[PDB]
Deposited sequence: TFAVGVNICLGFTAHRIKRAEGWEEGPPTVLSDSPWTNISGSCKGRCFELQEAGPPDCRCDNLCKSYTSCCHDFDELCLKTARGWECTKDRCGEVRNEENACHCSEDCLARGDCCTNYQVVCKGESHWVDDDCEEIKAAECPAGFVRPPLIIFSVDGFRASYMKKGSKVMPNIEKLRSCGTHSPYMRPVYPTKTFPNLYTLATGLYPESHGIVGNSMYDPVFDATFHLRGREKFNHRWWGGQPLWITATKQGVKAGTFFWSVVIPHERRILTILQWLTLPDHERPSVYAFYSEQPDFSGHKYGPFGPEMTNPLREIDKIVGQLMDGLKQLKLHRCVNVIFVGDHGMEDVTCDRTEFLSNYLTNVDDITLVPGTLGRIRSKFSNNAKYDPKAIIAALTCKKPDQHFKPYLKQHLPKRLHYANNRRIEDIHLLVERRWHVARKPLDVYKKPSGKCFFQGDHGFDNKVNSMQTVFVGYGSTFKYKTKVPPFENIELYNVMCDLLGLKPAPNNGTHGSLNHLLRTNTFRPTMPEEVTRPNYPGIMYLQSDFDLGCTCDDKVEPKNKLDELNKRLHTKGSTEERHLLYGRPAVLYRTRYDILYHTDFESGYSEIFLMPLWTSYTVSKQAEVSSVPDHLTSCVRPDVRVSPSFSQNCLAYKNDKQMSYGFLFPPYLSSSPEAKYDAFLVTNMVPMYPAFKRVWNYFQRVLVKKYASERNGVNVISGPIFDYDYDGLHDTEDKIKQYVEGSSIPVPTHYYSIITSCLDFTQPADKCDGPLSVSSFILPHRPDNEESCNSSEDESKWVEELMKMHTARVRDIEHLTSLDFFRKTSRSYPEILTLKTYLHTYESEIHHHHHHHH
């Protein structure tokens, strides 16, 4: 067939026909025209139309939507958009027949956040978008910080474990097939989970342009094609579009990120951005369209010499498959190999050499903030690789990425410009999982269920169609008085300690609220321990095997010491720490059986140091802190609070469940001139989810004093409040002086320590 009059229509002539290798004979001839380049010149103005040209400077071009983007500048005495002053867009100004502002997502592979520092000298168009619209210092990608997991997260609002694109390469045991960047496999829909934006738009009557472009199509052509689609009549014209460039990723890989030879790739991108905004301007759409400039991840210095080889750790390297590079994923090469021992492989990869540039984890043991476990495509054995290094199986580029998503070099960019974004507004860094909701809002769509926190980015937008509401409590507490007698047992405040309201329990159970001089708790009669414990340590506070029963609680719903005596490997700790009692009288409350939780001795080293040393330090640095601590049960590693039937471990012979993790949420006043308990304004929060492990193999220095390794462990396991909420089915910060959207922003904050 032929593509005459069908080039880039919505034999094939569409922008993906190369990829599926299926275009017409003259697709290349007709559609990928390059003649005379991409720029109009004085001598071309009002030319007779010449069909061989790449773009046009004829009088009829605007109507066809196929002018070169500088046509009006060169041929009609108009200004480049970038040369125009910033002017506020208080409402969308759209041509006749437009019914919503269109969205254009301008995506740049490997665009590291720091690249913005290069500034309006190198990137004048981008810098104006940034300065004039809404921006953040950076945007955090998802882990693995690779292209495919991050593009589909942007599209879906989901963690890779949920959307299914767990890596650029993956093996699915159910399919028994592997997915790769190169190959036809990736086109099969079976790999792609969730509901991406283009489908959300279609299902709700909003027409979507294409989001993907064959590598063959030049960037200038991608822009021209989008601009031509925007000239289509109402019933044919999409409301949402995406541009993509493999730059500056491609050049990052060749030259590394910090090079002076990154200046030219960055100006070539800014040129394409300028083509887009000039193009929009001449179609009178530059104050109609919302534009998102966004990257998928950053870029780090990585060279051939900085490679760890598994062959130098494992004697049986030929019996394993490794997904290599800036992360590692290991599985048995052969199906029925009884010589395959993952316990042995992990031990063989643990703290073997002094400078070792990777750490092995079973996936359930990865920091919970990475949300990287609940998929059959994620191998049990993972290697978190040190920034600047690769790992390969056995023994041309200066850059790579893929590392832990809190690493500074992996951060990427966000800018929103247009009628629905705010004007000259800076917002705090946020995570790319949150954008799908925003893009939905920008298009009047109801988002499909996702991992963004809808409302947390309302501060990016001039107007908000979506108003978040706090979830309703699913179980009300009890407030027991003395209902029992010491002889009963066979064992063997608010103003001070609860500063943001009681956490709401969002599932069916039975729990009691408990008051004490030093702390308040919500005790669960199902799990035989608190779901949370809340206490406040003032800046100027002091640090200095009794277990006694709790009168307010039936022996039926209390733990016993005998169970710990009998469990050889399990000890116990306390959620409110005796070391922080206000008085020796108060201190006996800290030894109640209702304050007690099961802890491995190895973990007690971590927990005791946190409670006895770090909490004081934090209270000293931040002008007091409020701490809320508790247990987490996540045996199926889905990131969600477990029901009883999922719990796979109990204190021996008992019905006391063993937690997979212990959390803390540590809050103070952002205005540190105010104490934590007398804070008028915005809050400051840091949180962790510590794995409750029977050894400290994760910490290669753990034979040293706790001051040399505990805090590093805790920083690695930093978390968002939101992460803890999912894991506990609790809702926090319900009674503050702040708006609920502001609190949603606060619950999504991650303290990174970078």
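Gaps between the deposited sequence and the modelled coordinates occur at 1 to 40, 51 to 57, 443 to 453, 551 to 575, 628 to 634, 845 to 855, listed in sequence order.
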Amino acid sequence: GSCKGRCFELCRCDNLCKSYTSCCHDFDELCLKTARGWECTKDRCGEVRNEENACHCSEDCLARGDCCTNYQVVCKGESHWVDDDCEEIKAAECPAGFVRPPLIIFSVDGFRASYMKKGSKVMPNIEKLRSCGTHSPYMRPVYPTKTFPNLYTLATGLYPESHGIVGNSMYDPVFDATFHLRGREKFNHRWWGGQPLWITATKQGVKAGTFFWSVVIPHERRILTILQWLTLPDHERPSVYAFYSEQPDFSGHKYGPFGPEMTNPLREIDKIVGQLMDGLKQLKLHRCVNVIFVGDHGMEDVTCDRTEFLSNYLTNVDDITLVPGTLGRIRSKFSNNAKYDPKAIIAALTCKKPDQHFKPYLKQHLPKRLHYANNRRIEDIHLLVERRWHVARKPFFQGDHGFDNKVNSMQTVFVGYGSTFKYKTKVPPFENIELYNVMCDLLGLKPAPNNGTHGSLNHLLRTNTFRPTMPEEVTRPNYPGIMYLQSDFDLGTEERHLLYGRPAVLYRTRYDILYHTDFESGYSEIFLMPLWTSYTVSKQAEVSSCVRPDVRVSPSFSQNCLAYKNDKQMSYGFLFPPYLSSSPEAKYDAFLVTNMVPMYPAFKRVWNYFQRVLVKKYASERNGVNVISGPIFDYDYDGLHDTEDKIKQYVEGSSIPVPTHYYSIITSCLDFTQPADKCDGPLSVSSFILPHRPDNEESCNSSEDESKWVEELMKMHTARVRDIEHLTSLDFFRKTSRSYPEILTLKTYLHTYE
From here on, numbers count along this sequence of modelled residues.
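The records show that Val543 is omitted from the coordinate set of at least a third of the other eligible entries of this protein. Look at the C-alpha B-factors of 242 to 250 and of 257 to 265. On average they run higher in 257 to 265. When the mean C-alpha temperature factors of 267 to 275 and 400 to 408 are read from the deposited coordinates, 267 to 275 comes out higher. The maximum CA B-factor among the listed residues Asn437, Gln356, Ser487, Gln611, taken from the PDB record, is found at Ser487. Comparing C-alpha B-factors across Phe430, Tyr171, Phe557, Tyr535 in the deposited entry, the largest value falls on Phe557. Per the PDB record, residue ranking by Cα B-factor puts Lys708 in the middle third of the chain. Among the modelled residues of the chain, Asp512 sits in the highest third by CA temperature factor in this PDB entry. Sorting the modelled residues of the chain by their CA temperature factor places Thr594 in the highest third. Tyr479 sits in the highest third of its chain by CA B factor, as recorded in the PDB entry. When all modelled residues of the chain are sorted by CA temperature factor, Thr748 is found within the lowest third.
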